[PDB]
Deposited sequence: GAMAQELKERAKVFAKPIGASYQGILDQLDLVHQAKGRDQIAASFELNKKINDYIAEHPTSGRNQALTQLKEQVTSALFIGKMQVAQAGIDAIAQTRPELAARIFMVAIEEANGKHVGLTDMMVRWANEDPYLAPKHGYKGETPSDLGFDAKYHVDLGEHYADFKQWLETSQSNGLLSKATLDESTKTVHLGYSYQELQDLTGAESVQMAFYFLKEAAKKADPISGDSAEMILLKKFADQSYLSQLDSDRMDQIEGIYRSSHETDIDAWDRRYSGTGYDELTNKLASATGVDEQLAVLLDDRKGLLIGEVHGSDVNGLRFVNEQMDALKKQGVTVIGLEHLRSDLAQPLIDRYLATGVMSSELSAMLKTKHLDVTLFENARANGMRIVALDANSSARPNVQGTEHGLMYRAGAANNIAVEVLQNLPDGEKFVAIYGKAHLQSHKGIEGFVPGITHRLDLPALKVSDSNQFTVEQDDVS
């Protein structure tokens, strides 16, 4: 009958029933109403995204222009006054990455107040050109709370589930990969390790095998793009909380790189370790014969030592520290720094060994991977010294990836080696890649040497120290 369907129709023209995607907008509004600080800003950006997503799927919906005005009101409230100066860049990122735009938005507020001018454009340029800041969906859905750890990935293995299960349980029976839980019902694995942390445990054949089937499983999920296995795991199987952690940390490092370029006194460094300062130091160091009085020159009002090693053999640093450890102890050295290990996981393992005297399996696997002598850790514990890991959690094809690592290594070196107890020196071992400063078109990052006010050193097979010159194009 013509009656009804018509009666049904204007029941809709008046009060249209709440759809599944309009409800998401109505719920997103409640977040804008209740949230404070940065969360409220991010919610507003997420609101605009859900509005823009709604209009695309539903062009003829009558809610469009009502939502369009709503988006206008929100956008105007956000970028009022001096905030419109960087509106274009931020709002462009907010179209795909609301939470990332919010972090930059907070910086833009401080820059509207005169603080750290130029940081906003730097963080925008990074978010547009650095692949690691590209839109990363990750895994969204049901996540277990039974885990005794914070899962970084939720990888669906599929056909490689059987082979992964074997090498995982083989590793867990050896005290490796403890933070990992399987689920055959979904054939997924709740992994608590990053791509970088697994790579430092590949010294054990059991882990490297499981690492293989993991990387292969990711390539099955996305063989159409040019993304590496590491990138796929982030875009497809990464935990949402972990992605927020990575984005937050990566924003902090850019801000760290920014402040390093203005506040680090390079003028004093070049006067002390370059030109005349380099000549005065080299000649005074050359006059010293034997190990002990050479260390006296190098630690003459200097917080520590920076010895460099390059790729291949080149391990005089690791050899000198192990053999002449008490010679360092005499000079006041109490800390030994290694760039060979990543701080986030290696440091609790090292501290537990230095305290109990028992080396865990996970630490033993790391030492095997990085070809580190266990005798070093034994002599360090016997001498009451502390070994610290100095590497960041970054990758080993853009320039931004190298600048991130160079800056993140600086922050680690600062929070560990810069402010030791008065009288305590240190001996850190870096590659010659970080003892130098990064001078690229896309930015500048001061080297470890600059932020720690120390020269770059090189020790020969005859235990003779020579001061390396700064690499400047």
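**Student:** If you line up the deposited sequence with the model, which stretches have no C-alpha coordinates?
**Tutor:** No coordinates exist for the deposited residues in 397 to 401, so this stretch alone is absent from the model.
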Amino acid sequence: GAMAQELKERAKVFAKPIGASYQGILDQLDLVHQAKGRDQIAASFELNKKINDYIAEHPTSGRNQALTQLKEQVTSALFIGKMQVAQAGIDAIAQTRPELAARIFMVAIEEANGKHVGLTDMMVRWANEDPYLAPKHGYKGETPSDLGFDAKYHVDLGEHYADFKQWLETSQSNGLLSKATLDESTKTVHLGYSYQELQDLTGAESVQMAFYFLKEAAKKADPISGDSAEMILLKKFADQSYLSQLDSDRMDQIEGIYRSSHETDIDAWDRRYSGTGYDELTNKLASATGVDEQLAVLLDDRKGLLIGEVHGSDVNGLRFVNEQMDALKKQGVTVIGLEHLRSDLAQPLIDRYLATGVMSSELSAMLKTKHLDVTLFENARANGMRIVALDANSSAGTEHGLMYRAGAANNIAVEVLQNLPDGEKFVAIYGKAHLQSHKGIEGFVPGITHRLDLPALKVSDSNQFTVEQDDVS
From here on, numbers count along this sequence of modelled residues.
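**Student:** Hey, which bit's got the bigger mean C-alpha B factor in the entry, 7 to 15 or 452 to 460?
**Tutor:** The stretch with the larger mean CA B-factor is 7 to 15.
**Student:** Pick between 216 to 224 and 336 to 344: the one whose mean CA B-factor in the entry is higher.
**Tutor:** In the deposited entry, the stretch with the higher C-alpha B-factor mean is 216 to 224.
**Student:** Among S261, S360, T398, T369, single out the one with the highest C-alpha B factor in the record, please.
**Tutor:** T398 has the highest C-alpha B-factor of those listed.
**Student:** Which listed residue, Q199, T276, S178, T170, has the largest C-alpha temperature factor in the record?
**Tutor:** Each of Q199, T276, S178, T170 was compared by C-alpha B-factor; the highest is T276.
**Student:** Per the entry's values, where does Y161 land by CA temperature factor relative to the rest of its chain, in the lowest, middle or highest third?
**Tutor:** Within its chain, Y161 is a middle-third residue by C-alpha B-factor, going by the deposited values.
**Student:** Please say which third, lowest, middle or highest, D91 falls into when its CA temperature factor is compared across its chain.
**Tutor:** Ranked within chain, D91 CA B lands in the middle tercile.
**Student:** Where does the C-alpha B-factor of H438 rank in its chain, lowest, middle or highest third?
**Tutor:** Within its chain, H438 is a lowest-third residue by C-alpha B-factor, going by the deposited values.
**Student:** Against its chain's modelled residues, does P59's Cα B factor rank lowest, middle or highest third?
**Tutor:** For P59, the deposited C-alpha B-factor lands in the highest third.
**Student:** Among the modelled residues of this chain, does the Cα B factor of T289 put it in the lowest, middle or highest third?
**Tutor:** Answer is highest: the recorded C-alpha B-factor places it there.
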